[PDB]
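Engineer: The data below comprise the sequence and an experimental structure of the protein.
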Amino acid sequence: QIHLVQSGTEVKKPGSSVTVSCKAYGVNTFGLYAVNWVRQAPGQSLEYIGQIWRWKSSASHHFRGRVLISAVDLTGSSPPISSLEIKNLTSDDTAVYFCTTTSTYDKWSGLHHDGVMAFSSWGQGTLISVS
Amino acid sequence: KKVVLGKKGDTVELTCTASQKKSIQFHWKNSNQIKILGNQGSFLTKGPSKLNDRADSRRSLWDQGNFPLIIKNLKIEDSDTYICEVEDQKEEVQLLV
Amino acid sequence: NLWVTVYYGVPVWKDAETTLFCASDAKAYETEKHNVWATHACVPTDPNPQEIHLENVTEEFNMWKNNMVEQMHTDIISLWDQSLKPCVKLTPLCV
Amino acid sequence: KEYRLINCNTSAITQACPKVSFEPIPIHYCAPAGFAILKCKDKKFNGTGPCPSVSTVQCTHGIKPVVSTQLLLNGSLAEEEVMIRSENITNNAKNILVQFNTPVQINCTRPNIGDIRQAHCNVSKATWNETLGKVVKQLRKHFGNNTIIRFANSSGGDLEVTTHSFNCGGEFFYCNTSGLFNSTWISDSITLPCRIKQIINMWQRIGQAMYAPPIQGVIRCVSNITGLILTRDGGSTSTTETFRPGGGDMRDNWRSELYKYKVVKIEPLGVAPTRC
Amino acid sequence: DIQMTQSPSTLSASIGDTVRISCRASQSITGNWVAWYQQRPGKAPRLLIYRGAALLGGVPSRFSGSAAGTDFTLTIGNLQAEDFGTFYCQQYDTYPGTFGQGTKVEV
Amino acid sequence: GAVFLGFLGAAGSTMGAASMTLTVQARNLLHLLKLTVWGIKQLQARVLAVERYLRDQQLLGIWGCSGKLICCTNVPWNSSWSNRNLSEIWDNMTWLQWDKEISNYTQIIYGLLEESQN
Amino acid sequence: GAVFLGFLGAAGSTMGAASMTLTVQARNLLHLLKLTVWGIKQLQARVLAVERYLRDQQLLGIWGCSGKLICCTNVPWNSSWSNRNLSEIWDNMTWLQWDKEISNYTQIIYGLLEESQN
Amino acid sequence: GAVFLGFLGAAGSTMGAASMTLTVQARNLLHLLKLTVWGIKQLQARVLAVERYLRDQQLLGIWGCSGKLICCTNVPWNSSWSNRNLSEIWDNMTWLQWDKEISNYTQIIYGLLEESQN
Ligand SMILES: *[C@@H]1O[C@H](CO)[C@@H](O[C@@H]2O[C@H](CO)[C@@H](O[C@@H]3O[C@H](CO[C@H]4O[C@H](CO[C@H]5O[C@H](CO)[C@@H](O)[C@H](O)[C@@H]5O[C@H]5O[C@H](CO)[C@@H](O)[C@H](O)[C@@H]5O)[C@@H](O)[C@H](O[C@H]5O[C@H](CO)[C@@H](O)[C@H](O)[C@@H]5O)[C@@H]4O)[C@@H](O)[C@H](O[C@H]4O[C@H](CO)[C@@H](O)[C@H](O)[C@@H]4O[C@H]4O[C@H](CO)[C@@H](O)[C@H](O)[C@@H]4O[C@H]4O[C@H](CO)[C@@H](O)[C@H](O)[C@@H]4O)[C@@H]3O)[C@H](O)[C@H]2NC(C)=O)[C@H](O)[C@H]1NC(C)=O
Ligand SMILES: *[C@@H]1O[C@H](CO)[C@@H](O[C@@H]2O[C@H](CO)[C@@H](O[C@@H]3O[C@H](CO)[C@@H](O)[C@H](O[C@H]4O[C@H](CO)[C@@H](O)[C@H](O)[C@@H]4O[C@H]4O[C@H](CO)[C@@H](O)[C@H](O)[C@@H]4O)[C@@H]3O)[C@H](O)[C@H]2NC(C)=O)[C@H](O)[C@H]1NC(C)=O
Ligand SMILES: *[C@@H]1O[C@H](CO)[C@@H](O[C@@H]2O[C@H](CO)[C@@H](O[C@@H]3O[C@H](CO[C@H]4O[C@H](CO)[C@@H](O)[C@H](O)[C@@H]4O)[C@@H](O)[C@H](O[C@H]4O[C@H](CO)[C@@H](O)[C@H](O)[C@@H]4O)[C@@H]3O)[C@H](O)[C@H]2NC(C)=O)[C@H](O)[C@H]1NC(C)=O
Ligand SMILES: *[C@@H]1O[C@H](CO)[C@@H](O[C@@H]2O[C@H](CO)[C@@H](O)[C@H](O)[C@H]2NC(C)=O)[C@H](O)[C@H]1NC(C)=O
Ligand SMILES: *[C@@H]1O[C@H](CO)[C@@H](O[C@@H]2O[C@H](CO)[C@@H](O)[C@H](O)[C@H]2NC(C)=O)[C@H](O)[C@H]1NC(C)=O
Ligand SMILES: *[C@@H]1O[C@H](CO)[C@@H](O)[C@H](O)[C@H]1NC(C)=O
Ligand SMILES: *[C@@H]1O[C@H](CO)[C@@H](O)[C@H](O)[C@H]1NC(C)=O
Ligand SMILES: *[C@@H]1O[C@H](CO)[C@@H](O)[C@H](O)[C@H]1NC(C)=O
Ligand SMILES: *[C@@H]1O[C@H](CO)[C@@H](O)[C@H](O)[C@H]1NC(C)=O
Ligand SMILES: *[C@@H]1O[C@H](CO)[C@@H](O)[C@H](O)[C@H]1NC(C)=O
Ligand SMILES: *[C@@H]1O[C@H](CO)[C@@H](O)[C@H](O)[C@H]1NC(C)=O
């Protein structure tokens, strides 16, 4: 019963930074699950961004150096939070963002292939506009 | 959701129900996430609330899955949403005094 | 060209939820109730355990979803039902 | 049937009660031929998540079938630091297992008028305070910079969960852990009044049992407190946190010693290309 | 990466009509590492089928899938009104995964 | 029949190192009434291990590979089963990744290995 | 060692159907003092079954066919042993008819299969 | 597992007569509380004999010669291992003289027979 919740719609300036939250209700821990951040330009198809599987933050080759992906586990009074920071914004990053989580517990599942994953459970959408 | 009313003083009964007949672990909480009851194996645990002395459950019904809550001495400060947590069926009833 | 090559001894796991037997080495001359139980319901030890440390593997354990707990729980239910016989039980039926 | 007043005939069985001896020996849970038991050698392992230092054994280590509430007696010890394990922190209804790194020794003695329903237990003060200091350090590492105000008393309920119930020498001791847990934490020895009670609640199932009257003389229960079982208090709008002890679900005793393990099936048969 | 090609780019069908949508990889995916997603407008895309033909738990069993190394075939039988949304095929064979194009099924 | 654990030491390493470790770790790893019950239970362990080994050799007996630790059969690969340069097979993969990858082709390969004894 | 009965299901049918049923039915078919006596008698059943199976594999071990369910040797037929078109063999006969028919040649064939390992 | 003695009847005779005697003597040689202890000890004899036989077949399993009483491998002799006309081998020597003579080459031959399964 993952009921993954993101932050709200935001708009920024070019040449700046931004941060999108991802609170993971119903997730045991990010040791068992894995968070894949993905995006979608308006009208286009879904474009992968990055992941933090087994507490190893990694982004794709298009986005290196510009994107930070962090995570804090289920400690205390807050659910597990993933977070997406983007430095040096351009006007071509206006998009609907998603954090996704998938279970990496079973090796013989089929939802994941050595850290390359199908996206079994989804957020709801964080639109960022750039002006 | 369910709504159960009372007047004053008399007993009132709320229910969970599982569908396994296995006496699995449950907990009864309120809206502010204060505990009211807890199964611990085959033992009963109360909670640090105003229903610490006045809450009770029929122990012999747990083997048949039914997980009741029996409140005695219904005062005005006992009108709040009470929540079963059994496995995932976070059942919500609302008590009215 | 190239074709099927059947091997044997391949390091591949699965998961299991199976039967799993006790125990250590009891005395088999005492009246201590754990020793009587471990005699009549378990096997002795083996003085050479084989701890094979693995290479760069990474398993993901989950303590809270383990099928080993229920099985030793049932074994200790058997131990306490056979050792400490009460004077009077009061267990309900609810038929 | 039929239908809410289901026929709850509370049956009763009368059997003979010889006074028995009782001292738990370790138990090794082996796996049969064709299976294998993995093991996490990571000393700071949660309980979930990936463990990189996996080894493989045929049979587990020595596990003592020790039945107790609110304190884990004669257990095993963490290698590096005091570990804190839970199915779901923020649930406020899941038993926080706290495993120690050093054994806090306890002496529960029934001396020899001689008031057969009376015994006392001694915990070495300022060994206990150091242990609670390390526990509060790890709890602040989980929670932040809160005041642990306080380790309270048990909240009530059943007798076997309110008190440190255990067995020793065939006699069932129900202690009083109220003085051992009372401290707020801003950022000589203790005597525990421990009676002997004999209309018990079974932990095996839902029932009650009655045992024989107590034994002749001195009962010695030299032990090790190597664990805790805590719960929490939800709410409210920072505040301070309160950790009342709990327990009673005996499988929480066996998710403290079957913690490292996992059972796998070995499938040795694979296919591949060649250059034959 | 390994570019996918979804076909056709746009179709439309009626209620109770078997719809076949193909997805062709530039390479051959022997190992069936292809997912299938449905996106209704204004929502998040839910997963329909992983590993080519493995059906997810909370999915009605009307769907079926097939894999032939390079051709991946999604088959809808007894199409309903709820199933009208942009589909996607994903190759999660090699890092990074990349998706299809979108078969906007309409009436 | 206690050599089932010695198989597992080569997990995590790649397929060629495991294939060498096969041969290496195979060559290197080779009257009270309450006591007769222990004797019978230890014999029921040992005979069960021997029967599981003989069943595993009988399942290699269908394919013409009984007793052989490594055998090279006569069933040619349809190359839609891991269409991959086999340098990448024997250098970049472990056995768990094979049991994940060709899992949907393995009943086909077993049927072909059974049918190629006729 | 309870798979000796599963051999017999293919009696009555001809030799080719029985040869297919070989592979198919081989792949598919794989502390009181008065109780220790039952344990010992069940172990004396199981170990005897294992020893009879190993003796049957050792008698195939002479001929170079140990472990193989079907093997094809190197002893050519003198064609005075069922001088018969083998379509009629594998279609018109059952195995009981072979054990009746070449019964006077079987010690000769066993001697040749022993002597053709030298 | 009582056929270990029948091996020894061909000692003293030369290697060819012993090789014939292999096939010949292989084909030809195939509730009181104090009584359950005898039953358990006889089973611990028989199961130990079966396990020693299976270990001896597993050591032939590395070399591709499991089950075969005589196998002919693919490891060519470096002829610095008994550089001798093999008429003199199979006619003038016994097996004890071979275990004495090539004793310093036998680990080399075992390593080559292991390595020639790869
Ligand atoms: C059981 O016990 C377990 C231990 O046994 C325990 O596991 C541990 O869990 C904790 C959490 O509980 C883990 O700690 C977290 O780890 C996260 C992951 O960190 C990894 O990756 C980051 C990022 O690295 C990328 O970038 C750096 C740049 O320097 C590169 O060097 C890297 O190569 C990598 O770059 C690649 O990928 C990029 C994309 O990301 C590409 O762009 C790039 O091209 C490359 O491909 C590293 O920094 C981390 O390394 C650090 O720590 C390691 C050791 O852990 C050190 O060796 C190393 O030197 C570094 O110090 C690591 O590799 C962290 O992201 C996470 O950090 C957060 O918290 C810490 C404090 O704990 C903060 O200081 C930190 O700033 C982060 O907080 C931010 O985010 C939180 C929410 O996520 C916010 O609340 C907070 O406000 C803050 O936000 C701020 O910054 C945001 C961005 O950073 C920004 O968006 C916000 O707006 C705001 O400004 C934390 O460290 C720990 O790693 C686990 N350890 C182990 C061993 O498992 C487990 O939890 C327990 N389980 C249970 C159930 O109890
Ligand atoms: C944690 O583990 C430790 C061990 O690591 C456990 O500590 C052991 O606890 C047991 C029981 O508490 C204790 O056993 C006693 O040892 C005494 C000293 O040797 C014995 O005198 C005593 O035996 C008497 O009672 C038995 C039970 O009836 C009789 O069978 C026996 O004959 C003795 O009885 C004589 O005296 C009684 C007096 O009442 C009279 O009734 C009899 O007729 C007879 O005259 C027990 O054997 C161990 O010695 C302890 N070990 C240590 C090192 O302290 C500890 O219990 C564990 N914790 C928990 C919770 O289990
Ligand atoms: C470990 O224990 C914690 C308890 O502390 C559990 O956390 C709760 O998890 C449940 C789901 O399992 C959460 O409930 C969900 O909340 C979602 C968002 O609401 C939150 O955020 C909004 C906006 O900030 C707040 O206004 C609101 O108060 C909440 O804080 C809802 O979107 C979800 O509702 C959706 O699903 C339900 C299903 O019944 C539908 O009825 C709704 O229509 C909707 O579709 C849902 O209510 C709950 O908020 C969490 N509480 C806390 C305190 O964390 C973890 O789940 C548990 N983890 C595990 C593994 O057990
Ligand atoms: C366990 O001990 C505590 C502390 O001695 C008891 O709690 C109260 O203690 C005060 C003195 O500190 C006494 O005046 C009270 O009479 C005690 N009881 C109550 C009910 O308030 C506690 O009661 C003891 N536990 C049990 C089960 O009796
Ligand atoms: C590839 O293999 C996986 C695993 O065998 C198959 O996945 C299963 O499919 C069935 C339905 O056919 C489901 O009930 C299972 O839940 C699936 N998953 C698992 C992990 O078993 C999948 O069908 C196969 N795909 C192809 C194209 O053959
Ligand atoms: C327990 O403590 C009391 C008070 O310090 C002391 O008198 C008694 O001797 C102690 N008992 C034991 C067994 O140490
Ligand atoms: C407990 O008892 C043992 C043995 O009597 C003694 O050595 C130890 O000091 C005691 N500890 C406490 C805290 O009384
Ligand atoms: C326990 O020790 C800590 C320091 O180790 C000290 O701050 C604290 O006051 C002590 N607590 C009590 C109750 O004496
Ligand atoms: C717990 O301790 C408090 C304070 O000492 C006391 O008032 C209360 O009665 C005790 N309750 C129980 C159930 O032990
Ligand atoms: C806790 O209880 C003890 C008695 O067990 C008492 O001495 C101490 O003062 C109490 N502390 C607080 C803060 O109430
Ligand atoms: C208590 O812990 C110590 C730690 O070394 C151990 O040696 C001792 O045996 C334990 N006492 C028991 C099990 O009674």
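Structural biologist: Okay, I see it. Residues are numbered from 1 along each chain as shown, chains lettered A, B, ... in the order given. Ligands and ions are numbered 1, 2, ... in the order given.
Engineer: Point out the other helices and strands that the longest helix seen in chain F packs with.
Structural biologist: Secondary structure of chain F per DSSP state H: the longest helix is helix F:33-59. Helices and strands touching helix F:33-59, by 3 or more Cβ pairs under 8 Å, 6 or more residues apart in numbering or on different chains; DSSP states H and E, are helix C:33-41, helix G:33-59, helix H:33-59. Heads up, the C-betas are built off the backbone N, CA and C, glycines and all.
Engineer: Let's verify the spatially most central residue of chain A: helix, strand, or coil?
Structural biologist: By Cα atoms, centre = their mean, chain A has its centre lying nearest to residue A:37, at 2.6 Å. Here residue A:37 is recorded as strand under DSSP: H, G, I helix; E, B strand; the rest coil.
Engineer: so how far is ligand 2 from it?
Structural biologist: Look at residue A:37 and ligand 2: by Cβ to the nearest ligand atom, to the nearest Å, they are 51 Å apart.
Engineer: returning to that earlier point: buried sites along the longest helix of chain F?
Structural biologist: The neighbour-count check on helix F:33-59 (16 or more other Cβ atoms under 10 Å in any protein chain shown) flags F:36-43, F:45-47, F:49-51, F:53-54, F:56-59 as buried.
Engineer: now swap in stretch D:220-240 and tell me
Structural biologist: Going by 16+ other Cβ under 10 Å, stretch D:220-240 has these buried residues: D:221, D:223-234.
Engineer: Take those residues and keep only those in strands.
Structural biologist: Within the buried residues of stretch D:220-240, residues falling in strands by DSSP state E are D:221, D:223-230.
Engineer: between these, which is closest to ligand 3?
Structural biologist: Of all those, ligand 3 sits closest to residue D:230, with 16.3 Å by Cβ to the nearest ligand atom.
Engineer: Can you tell me who the residue nearest to residue D:40 when sequence neighbours are not counted pairs with across the strands?
Structural biologist: Counting by Cβ to Cβ, 6 or more residues apart in numbering or on different chains, residue D:40 lies nearest to residue D:51, which is 3.9 Å off, once chain neighbours are set aside. Here residue D:51 sits in beta bridges with residue C:59, as judged by DSSP bridges.
Engineer: Can you say which helix or strand has residue F:111 in it?
Structural biologist: Per DSSP states H and E: residue F:111 is located in helix F:106-115.
Engineer: name the helices or strands packed onto that helix?
Structural biologist: helix G:15-28.
Engineer: what distance separates the longest helix of chain F from the centre of its chain?
Structural biologist: Centroid displacement of helix F:33-59 relative to its chain, using Cα atoms, centre = their mean, to the nearest Å, is 20 Å.
Engineer: Buried residues, stretch A:93-105. List them.
Structural biologist: Neighbour counts over stretch A:93-105 (16+ other Cβ under 10 Å) mark A:93-104 as buried.
Engineer: Three-state assignment for the residue of chain B at minimum distance from chain C, please.
Structural biologist: Closest approach between chain B and chain C, counting by Cβ to the nearest Cβ: residue B:60, at 4.0 Å. Secondary structure for residue B:60, judged by three-state DSSP, is helix.
Engineer: Once you drop chain neighbours, what's closest to it?
Structural biologist: Residue B:60 sits nearest to residue C:92 (Cβ to Cβ, 6+ apart), 4.0 Å away.
Engineer: What distance do you get for that neighbour to residue D:11?
Structural biologist: To residue D:11, residue C:92 is 7 Å away according to Cβ to Cβ, to the nearest Å.
Engineer: who's more crowded, those two?
Structural biologist: The residue with more neighbours, out of residue C:92 and residue D:11, is residue C:92; 19 against 11, by other Cβ atoms under 10 Å in any protein chain shown.
Engineer: For the more buried one, which residues are in contact?
Structural biologist: By Cβ atoms under 8 Å, 6 or more residues apart in numbering or on different chains, the contact set of residue C:92 is B:60, B:63, D:8-11, D:206-207.
Engineer: Pop out the phi and psi values for the residue most central in space within chain E.
Structural biologist: The centroid of chain E falls nearest to residue E:36 when counting by Cα atoms, centre = their mean (3.8 Å). Backbone torsions of residue E:36, given as degrees, to the nearest 10, read phi -140, psi 130.
Engineer: Just give the closest residue to it, not the sequence neighbours.
Structural biologist: Using Cβ to Cβ, 6+ apart, the closest residue to residue E:36 is residue E:49 (4.2 Å).
Engineer: Now for that neighbour: which residues touch it?
Structural biologist: Contacts of residue E:49 were listed using Cβ under 8 Å, 6+ apart, and they are E:35-36, E:55-56, E:59, E:63, E:65, E:74.
Engineer: which phi and psi does it have?
Structural biologist: Main-chain dihedrals, residue E:49, degrees, to the nearest 10: phi -140, psi 130.
Engineer: Any idea what the residue nearest to the centre of chain E is bridged to?
Structural biologist: Residues in beta-bridge contact with residue E:36 (DSSP bridges): residue E:49, residue E:89.
Engineer: Tell me how far it lies from residue F:39.
Structural biologist: Distance, residue E:36 to residue F:39, by Cβ to Cβ: 59 Å.
Engineer: Please report how far residue A:67 lies from ligand 9.
Structural biologist: When residue A:67 is compared with ligand 9 (using Cβ to the nearest ligand atom), they lie 53 Å apart.
Engineer: Find the residue closest to that residue in space, skipping its chain neighbours.
Structural biologist: Nearest residue to residue A:67, sequence neighbours excluded (Cβ to Cβ, 6+ apart): residue A:59, at 4.8 Å.
Engineer: what's the span of stretch E:98-107, first residue to last?
Structural biologist: 28 Å (Cα to Cα, to the nearest Å).
Engineer: Just the buried positions in it, please.
Structural biologist: Residues of stretch E:98-107 classed as buried by neighbour count (16+ other Cβ under 10 Å): E:98-105.
Engineer: can you check stretch D:102-112 too?
Structural biologist: D:103-104, D:106, D:108, D:110.
Engineer: go on, stretch F:14-33?
Structural biologist: Neighbour-count burial for stretch F:14-33 [16+ other Cβ under 10 Å]: F:14-15, F:18-19, F:21-23, F:25-26.
Engineer: And the contacts of that stretch?
Structural biologist: With Cβ under 8 Å, 6+ apart as the test, stretch F:14-33 has contacts from C:7, C:9-11, C:28-29, D:272, F:3, F:6-7, F:9-11, F:13, F:69-70, F:89-95, F:98, G:31, G:33, G:36, H:33-34, H:37, H:55, H:58-59, H:62, H:114-115, H:117-118.
Engineer: Just name the closest of the buried residues of stretch F:14-33 to ligand 5, please.
Structural biologist: residue F:15 (21.1 Å).
Engineer: would a markdown table of the buried residues of stretch A:93-105 with distance to ligand 2 and secondary structure be doable?
Structural biologist: As requested, the buried residues of stretch A:93-105 are exported to a markdown table (distance: Cβ to the nearest ligand atom, whole Å; DSSP: H, G, I helix; E, B strand; the rest coil):
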| residue | distance to ligand 2 | secondary structure |
| --- | --- | --- |
| A:93 | 63 | coil |
| A:94 | 66 | coil |
| A:95 | 61 | strand |
| A:96 | 59 | strand |
| A:97 | 55 | strand |
| A:98 | 53 | strand |
| A:99 | 48 | strand |
| A:100 | 49 | strand |
| A:101 | 43 | strand |
| A:102 | 45 | strand |
| A:103 | 40 | strand |
| A:104 | 40 | coil |
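Engineer: Out of those residues, which comes closest to ligand 5?
Structural biologist: residue A:103 (11.9 Å).
Engineer: any idea what sits nearest the closest one, other than its immediate chain neighbours?
Structural biologist: residue A:33 (5.6 Å).
Engineer: pretty sure that neighbour is touching residue A:100, no?
Structural biologist: No: with contact defined as Cβ atoms under 8 Å, residue A:33 does not count as touching residue A:100 (10.0 Å).
Engineer: on that earlier part again, count of residues packed around the residue nearest to residue D:40?
Structural biologist: Count around residue D:51 with other Cβ under 10 Å applied: 23.
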